[PDB]
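Colleague: Chains as they are written, first to last, in the entry's author numbering: chain B, 2 to 395; chain B', 2 to 395; chain A, 0 to 179, 191 to 268; chain A', 0 to 179, 191 to 268. A prime marks a further copy of an entry chain. Think of the CB as a built atom: it goes at the ideal place given N, C-alpha and C, for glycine as much as any other residue. Questions regarding the structure given below will be posed in turn.
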Amino acid sequence: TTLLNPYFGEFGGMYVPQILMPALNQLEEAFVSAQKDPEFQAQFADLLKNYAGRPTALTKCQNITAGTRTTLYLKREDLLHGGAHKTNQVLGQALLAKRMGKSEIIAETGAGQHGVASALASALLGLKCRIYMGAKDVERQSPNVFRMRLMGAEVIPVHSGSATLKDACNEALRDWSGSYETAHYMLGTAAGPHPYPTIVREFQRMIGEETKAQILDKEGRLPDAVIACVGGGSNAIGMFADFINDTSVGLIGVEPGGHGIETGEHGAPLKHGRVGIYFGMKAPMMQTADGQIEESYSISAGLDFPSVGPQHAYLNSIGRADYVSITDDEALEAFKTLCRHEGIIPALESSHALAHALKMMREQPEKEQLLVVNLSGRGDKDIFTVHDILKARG
Amino acid sequence: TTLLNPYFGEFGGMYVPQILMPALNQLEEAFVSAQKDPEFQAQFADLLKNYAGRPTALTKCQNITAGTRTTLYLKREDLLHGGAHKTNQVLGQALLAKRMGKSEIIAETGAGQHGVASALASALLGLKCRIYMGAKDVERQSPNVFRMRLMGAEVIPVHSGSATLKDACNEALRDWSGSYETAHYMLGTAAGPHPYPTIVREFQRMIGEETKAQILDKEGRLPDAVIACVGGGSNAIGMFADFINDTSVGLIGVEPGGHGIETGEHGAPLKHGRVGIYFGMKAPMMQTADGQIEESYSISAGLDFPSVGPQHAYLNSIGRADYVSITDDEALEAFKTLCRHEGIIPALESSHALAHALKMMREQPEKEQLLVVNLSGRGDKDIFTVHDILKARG
Amino acid sequence: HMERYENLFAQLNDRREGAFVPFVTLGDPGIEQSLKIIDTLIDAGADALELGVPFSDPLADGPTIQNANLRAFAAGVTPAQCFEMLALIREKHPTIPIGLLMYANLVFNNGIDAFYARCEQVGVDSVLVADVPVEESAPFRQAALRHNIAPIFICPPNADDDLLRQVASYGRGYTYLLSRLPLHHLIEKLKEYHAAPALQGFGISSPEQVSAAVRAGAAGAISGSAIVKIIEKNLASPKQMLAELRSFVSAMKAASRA
Amino acid sequence: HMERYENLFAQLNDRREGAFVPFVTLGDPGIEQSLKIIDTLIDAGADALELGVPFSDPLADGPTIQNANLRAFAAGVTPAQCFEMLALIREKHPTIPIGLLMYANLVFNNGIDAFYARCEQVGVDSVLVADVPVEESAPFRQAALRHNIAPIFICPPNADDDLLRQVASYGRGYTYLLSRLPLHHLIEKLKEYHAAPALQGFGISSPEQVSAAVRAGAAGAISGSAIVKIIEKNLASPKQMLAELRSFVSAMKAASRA
Ligand SMILES: *Cc1c(COP(=O)(O)O)cnc(C)c1O
Ligand SMILES: *Cc1c(COP(=O)(O)O)cnc(C)c1O
Ligand SMILES: [Cl-]
Ligand SMILES: [Cl-]
Ligand SMILES: [Cl-]
Ligand SMILES: [Cs+]
Ligand SMILES: [Cs+]
């Protein structure tokens, strides 16, 4: 028994050990109650406006589209406090934990951005925060783990499995199953067991709500398409949500194509994986022919989640949203283009979305089209990566 | 002959080679005309709102002041595009260059932030940008110089003199004196020859104008004091300007105290230097008993300017503003405090302002006081610095 | 239907005994060594077996079992190789009940129904799907019954009465009890609701706890990690590993005669 | 008042000659070597001297002079040591006009008036303050006149007529002309406005340009960096440095007799 539907068509559900089901049911009932609480809605909006910087800008890129009939806008989630859209929903979830009378936060993180976002929300709201991180990711993201520790978070390395994100996700669930009375598991994407896909969307949907109001203000019409990268699906569903019922508005999600789909070294399970059951959900995933979960490769570490939110798999199967992929090289080229022609350093994650928008533009340059790209983060964390690849050639 | 007063009391002026005077007079007349042009004002505000993220938030810090009668707000210039307040005035100056029909930008930079800000403004507005940087600073700020190059700027090392900021400032002036017909010198602080102190203030004064409107909204009254770090004076005069005629509002500027004023290794010329003539202005400066200009020491590279804006020296001498200093260790402690209790990583520059606010609070904890600290930048660029110092001990 | 759990619990109740069920990971630390390990467990007095299939992401298992999975993966153990072990085990031991601890994806991968058909063909008696709650169990337990497999469900210590009723109604073979809300309440309520016999599997590591679980009313005890610990400690000497395995199991099983 | 520029330009006009004025940095590359350098410049035929004091931030100087300043700082040259050199130079050469190229801060440091008093005491004839425009020159030129020092002002190539009038009215000794807006216009307008005699100092590096500046109407030429280049090239051999210095200056000075 649940108050909300845990499935999006065939996708989603609550595939957790029985001991975790009370935790999920308590979380759903608090969330449903919080959603109807005008005082919760006002504190949430307050933190978003006065602590995080919302509403974010909608920037028109005139240099990048010159000579074509494409009009490109960027939803500037890179200007959010923390440098990425993740801050929206950790603020919501941390308020949810306080509503449930909890004083502790559990989180996992791969590239480090969700751990930094969980740590800053926990520091602001007076919550003790422990973060599980794969040891190989701990070694690779020494800046982000120092950020977490500076903000008072306890960072716990995870050496089991492959020692990456999915193995961190396992160790957080185990923690929560024994500690959910005092601790809230702050899941960092729009995936996992219900109600997390629904919760993360509703706490990210101001992205699309603002974009709609801003695009109507500046252009008098809805966009022809909104485009967002898809790692776990949170920033994309945040952009998509308020446009789902505007049928004339295309919804395009961009998975990492890695070295190329045909190489096997990619992170695009929605279109090139296979339906599976892992991390509390039924969703397409990166799995062997046996059923063992593999990792997702991308030059952009924040797209490393080996599965995808179940609402995206559902939106694909009914044809409401379309999903594509963009390779490392395509994303890098889009990274350099935005820097040189708009003075904006995008996260390599968001460079996948922009790279597809540039392809839509460049392939059909006389097509009249109004595009909004969700710029989910800034890319200062990526300049060292881009530097190495670019001098590896010349 | 000038349209505006080049002096603030005894401080300021236009001490440049005669060949540069036409450049300054042309710049003053364009600026005066731009200021009366409603279309210039609307394009400037547009870029600030839709490209840079303005207005920035005003965050109330409740955790940091608990147990005292201090109410602390932070003006969040760290949420501005680029990560620092510098973006405001390079956008204004780049529009001024376009107004004058110029297609090229000259800039100098020390820590790299003004060079990155000049490069992003030049990329956005279609201007060719060359940046002079001291070779010792070029070696120390490899991230920021790569940012500049990614954004299409040409970075020219300066090996003359001490090969730091002041030697970069010299090499830009020489460039401009021969190239001012096509190039605009984009000075990066509220100092140098007139009209640059006046121009940089007017292009930074929205900081204080927004703070006034936001503090009246949230508290129904003006602040007891606004506090800002003083490297060259641009972020502080930006905060101060709209409060100068509200006499009941204290204005506190914070110079870097370095290892300590008594050590000689500091960067506080306004209070512990001596009036001099350099960089086109009469102002207090870091100089030997002979008159040779020395460097300013600070743990925070962005406070390295060896002099100070002439309006600050004037505001000090009439007692309108008060200026203090904060040591490296005091600033570091404030850096760690903001991270752990508010989840905000401040620039080590802005940590000087916050550190003085914390001192005002902690010294007299029963004093009722409403403080606004200008948080001029984010501090991700400083985590490696803070990491080294903190493990150098334990 | 061969009724192996039912026949065992009959034989055990007729002799006033409790069941002892050890857990091991199939292929840990190697296929041939695992087969010897399981043969010495059965010879030492195990009443039934719970066998795990190495899964890449065992989000419901502690560190001891996590390391067992990696030792089996380091040996190149696959699900197909496990079902080859299961057939060889059943062919040596026709009577012992063999249960599987599975993760949902290995069951769902090639089709739920085909997985339970393969269990029936190799002689498996029960399937616990570690990450399937009763709320999601409908396709799994229905496929298990269609193929004469008993679906095993965990009864957590917090279980309210509606969960108790579902566990009693949905389960077969035995009820996996994690307990010592009152322990005697859960065991009596499960009997009240005609549940499958309850086996205690919380922290069963000593003969004394096997004895305590039976007195509490449970029909036996499952040792969840203690057997896997003995393997991990004696990796350098497979000979002493089996002796310590035979010594421990005989201790636990004799603790169930009273 | 000793009227050294006036007496020189008299002696030069009575013999249909133009002036040649070399620039060097005081103390470059060392105090003793600099003193020899200046003695061989005067002996080779220099009519007057322009002497720079090493300043830490010469924002109005090209790279050749920037390196000269660092060679003098590397020798530990201070403003006080320069004024000791100036006294020794004047004591050896009573007639030659000695001008200083200063930066504003070294003049302002201990008080403007006291700086010009020290110039008068050591025998300095003129002061060009490189970073003081005529618009800011009031305290400087007034102090210079009170102490019998001629304030020198640069006339840039772009100079409109109001700048020309100020330069003519404010300057003494000579006008520092950077030129070849029409060159003959500036020289005639400066004469029209009774300016001090104009010396050309743009790119004076060959005998041919010294000859061209005089024909254009200017009273002579200042070699801004050519002398400093010869020093920098012959650092390894101070002996050959002086010979190349004596050869060059005699070339430039003979170019001014016609
Ligand atoms: C985390 C990350 C992503 C991927 O996360 P989603 O859940 O797919 O939104 C995308 N962009 C940035 C900047 C990220 O940090
Ligand atoms: C540049 C810098 C400063 C110092 O510059 P001002 O002209 O004094 O404002 C202060 N804070 C930050 C973040 C800076 O980058
Ligand atoms: Cl266009
Ligand atoms: Cl904003
Ligand atoms: Cl308070
Ligand atoms: Cs993915
Ligand atoms: Cs300063």
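If we cut at 7 Å on Cβ distances, does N171(B') have a partner in chain A'?
Modeller: Within the second sequence, residue 171(B') is the residue found at index 170, counting from 1. Interface residue, yes.
Colleague: Among the residues of its own chain, which have a CB less than 6 Å from the CB of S161(B), if the five just before and after it don't count?
Modeller: Residue numbering aside, residue 161(B) sits at position 160 when the first sequence is read from its first letter. By the criterion of a C-beta distance shorter than 6 Å, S161(B) is surrounded in its chain by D168, once the five residues flanking it on both sides are discounted.
Colleague: Quick one: which residues of the segment 174-203 of chain B' get their C-beta closer than 7 Å to a C-beta of chain A'? List them in chain order.
Modeller: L174, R175
Colleague: Under three-state DSSP, which class holds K37(B)?
Modeller: Translated into the one-based positions of the first sequence, residue 37(B) becomes position 36. Three-state DSSP puts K37(B) in coil, outside helix and strand.
Colleague: Which chain B residues are close to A223(A), counting only those with a beta carbon under 9 Å from its beta carbon?
Modeller: In the third sequence, counting from the first residue as 1, residue 223(A) sits at position 213. Those within 9 Å of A223(A) in chain B number zero; the least Cβ separation is about 19 Å.
Colleague: Which residues in chain B sit within 9 Å of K337(B'), going by Cβ to Cβ distance?
Modeller: Counting from 1 along the second sequence, the entry for residue 337(B') is found at position 336. Listed along the chain, the chain B residues whose CB falls inside 9 Å of the CB of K337(B') are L151.
Colleague: Quick one: grab the DSSP three-state call for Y175(A).
Modeller: Working through the third sequence from its first residue, we reach residue 175(A) at position 176. Reduced to three states, the DSSP call for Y175(A) is strand.
Colleague: Taking 6 Å as the cut-off, does the CB of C340(B') come closer than this to any heavy atom belonging to ligand 2?
Modeller: Within the second sequence, numbered from 1, the residue matching residue 340(B') stands at position 339. No.
Colleague: For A71(A) versus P53(A), is the C-beta distance shorter than 7 Å?
Modeller: Residue numbering aside, residue 71(A) sits at position 72 when the third sequence is read from its first letter. Residue numbering aside, residue 53(A) sits at position 54 when the third sequence is read from its first letter. In contact: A71(A) and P53(A) (Cβ atoms closer than 7 Å).
Colleague: When the cut-off is 7 Å and only beta carbons count, does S55(A') lie next to chain B'?
Modeller: If you number the fourth sequence from 1, residue 55(A') lands on position 56. It does: the Cβ of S55(A') has a partner Cβ on chain B' nearer than 7 Å.
Colleague: Just the Cα atoms here: how many angstroms apart are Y181(B') and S178(A')?
Modeller: Here residue 181(B') refers to the residue found at position 180 of the second sequence. Here residue 178(A') refers to the residue found at position 179 of the fourth sequence. Approximately 17 Å between the Cα atoms of the pair.
Colleague: Can you name, in chain order, every residue of its own chain whose Cβ lies under 8 Å from the Cβ of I240(A'), other than the five neighbours on each side?
Modeller: On the fourth sequence, residue 240(A') is found 230 positions in, with the first residue counted as 1. Apart from sequence neighbours up to five positions away, the residues of its chain that approach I240(A') with a beta-carbon distance below 8 Å are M251, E254, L255, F258, ordered along the chain.
Colleague: Compare the C-alpha of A58(B') against each of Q63(B), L59(B), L48(B), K61(B) and name the closest.
Modeller: Start at 1 with the first residue of the second sequence, and residue 58(B') comes out as number 57. For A58(B'), the nearest C-alpha among the options comes from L48(B).
Colleague: Please state if the CB of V276(B') and the CB of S235(B') are separated by a distance shorter than 7 Å.
Modeller: Your numbering for residue 235(B') matches position 234 in the second sequence. Your numbering for residue 276(B') matches position 275 in the second sequence. Not closer than 7 Å, so no.
Colleague: Run the proximity test for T66(B'): is its beta-carbon closer than 6 Å to any non-hydrogen atom belonging to ligand 3?
Modeller: In the second sequence, the residue the question calls residue 66(B') occupies position 65. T66(B'): no, Cβ never under 6 Å from ligand 3.
Colleague: Does ligand 4 have even one heavy atom less than 6 Å from the beta-carbon of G54(B)?
Modeller: Start at 1 with the first residue of the first sequence, and residue 54(B) comes out as number 53. Checking the Cβ of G54(B) against ligand 4 gives yes.
Colleague: Using only alpha-carbon positions, find the residue among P257(B'), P56(B'), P311(B') that is nearest to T190(B').
Modeller: Reading the second sequence from its first residue, position 189 is the one you call residue 190(B'). The candidate whose alpha carbon is nearest that of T190(B') is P311(B').
Colleague: Listed in chain order, which residues of the segment 11-45 of chain B have Cβ atoms closer than 7 Å to some Cβ of chain A?
Modeller: Within the segment 11-45 of chain B, the residues whose Cβ lies closer than 7 Å to some Cβ of chain A are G14, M15, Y16, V17, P18, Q19, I20, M22, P23, listed in chain order.
Colleague: Just to confirm the assignment, what range does the alpha helix (DSSP H) spanning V220(A') have?
Modeller: The residue labelled residue 220(A') in the question sits at position 210 within the fourth sequence. Start and end: 217-225.
Colleague: Secondary structure at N375(B'), three-state DSSP: helix, strand or coil?
Modeller: As a working mapping, residue 375(B') is identified with position 374 in the second sequence. It is a strand residue.
Colleague: Could you tell me the alpha carbon to alpha carbon distance between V309(B') and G232(B'), rounded to whole angstroms?
Modeller: The residue labelled residue 309(B') in the question sits at position 308 within the second sequence. The residue labelled residue 232(B') in the question sits at position 231 within the second sequence. Between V309(B') and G232(B'), the C-alpha separation is close to 7 Å.
Colleague: By the DSSP assignment, the beta strand (DSSP E) with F19(A) in it spans what residues?
Modeller: For the purposes of this step, residue 19(A) is identified with residue 20 of the third sequence, where counting begins at 1. Run containing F19(A): 18-24, per the beta strand (DSSP E) assignment.
Colleague: Out of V156(B), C130(B), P158(B), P196(B), state which residue places its alpha-carbon closest to the alpha-carbon of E30(B).
Modeller: The sequence position of residue 30(B) within the first sequence is 29, counting from 1. The residue with the shortest Cα to Cα distance from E30(B) is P196(B).
Colleague: Leaving aside the five residues before and after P307(B) along the sequence, list all residues of the same chain whose C-beta is less than 7 Å from its C-beta, in chain order.
Modeller: Locating residue 307(B) in the first sequence gives position 306, counting from the first residue. The answer, listed in chain order, is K167, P270, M286, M287, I294, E295, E296, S297.
Colleague: Does ligand 3 have even one heavy atom less than 6 Å from the beta-carbon of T110(B')?
Modeller: Residue numbering aside, residue 110(B') sits at position 109 when the second sequence is read from its first letter. No, the beta carbon of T110(B') sits no closer than 6 Å to any heavy atom of ligand 3.
Colleague: Closer than 7 Å, CB to CB, is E83(A') near chain B' or not?
Modeller: As a position in the fourth sequence, residue 83(A') is number 84, starting the count at 1. Not one chain B' Cβ lies under 7 Å of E83(A').
Colleague: Kindly indicate the opening and closing residues of the alpha helix (DSSP H) around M287(B).
Modeller: Working through the first sequence from its first residue, we reach residue 287(B) at position 286. From DSSP, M287(B) is part of no alpha helix (DSSP H); its letter is neither H nor E.
Colleague: Bridge partners of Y298(B'), per DSSP?
Modeller: For this step, residue 298(B') is matched to residue 297 along the second sequence. DSSP output for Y298(B') lists no bridge partner at all.
Colleague: Measure the alpha-carbon distance for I278(B) versus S55(A) and round it to whole angstroms.
Modeller: Here the question's residue 278(B) lines up with position 277 in the first sequence. Here the question's residue 55(A) lines up with position 56 in the third sequence. Distance between the alpha carbons of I278(B) and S55(A): 12 Å.
Colleague: Check whether the Cβ of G344(B') lies closer than 7 Å to any Cβ atom in chain B.
Modeller: For the purposes of this step, residue 344(B') is taken as the residue at position 343 of the second sequence. Interface residue, yes.
Colleague: Note down, in chain order, each residue of its chain lying with its Cβ closer than 6 Å to the Cβ of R148(B'), except the 5 sequence neighbours on either side.
Modeller: On the second sequence, residue 148(B') is found 147 positions in, with the first residue counted as 1. Hits under 6 Å: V117.
Colleague: Is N157(A) near ligand 1 - that is, is its Cβ less than 6 Å away from at least one heavy atom of it?
Modeller: Along the third sequence, read from residue 1 onward, the residue named residue 157(A) stands at position 158. For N157(A), the distance from the CB to the nearest heavy atom of ligand 1 is not below 6 Å.
Colleague: Verify whether the separation of the beta carbon atoms of residue 188(A) and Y115(A) is less than 7 Å.
Modeller: Missing here is residue 188(A): after 179, the next number in chain A is 191.
Colleague: At a cut-off of 6 Å, would you count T190(B') as near ligand 2, judging by its Cβ distance to the nearest heavy atom?
Modeller: Indexing the second sequence from 1 puts residue 190(B') at position 189. Result yes, Cβ under 6 Å from ligand 2.
Colleague: Note down the Cα distance separating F9(B') from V139(B), rounded to an integer number of angstroms.
Modeller: Looking up residue 9(B') in the second sequence gives position 8. Looking up residue 139(B) in the first sequence gives position 138. It is roughly 54 Å from the alpha-carbon of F9(B') to the alpha-carbon of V139(B).
Colleague: Below 8 Å CB to CB, which residues in the same chain sit around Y52(B') once its five sequence neighbours on both sides are set aside?
Modeller: One-based indexing of the second sequence puts residue 52(B') at position 51. These residues qualify, in order along the chain: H82, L92, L125.
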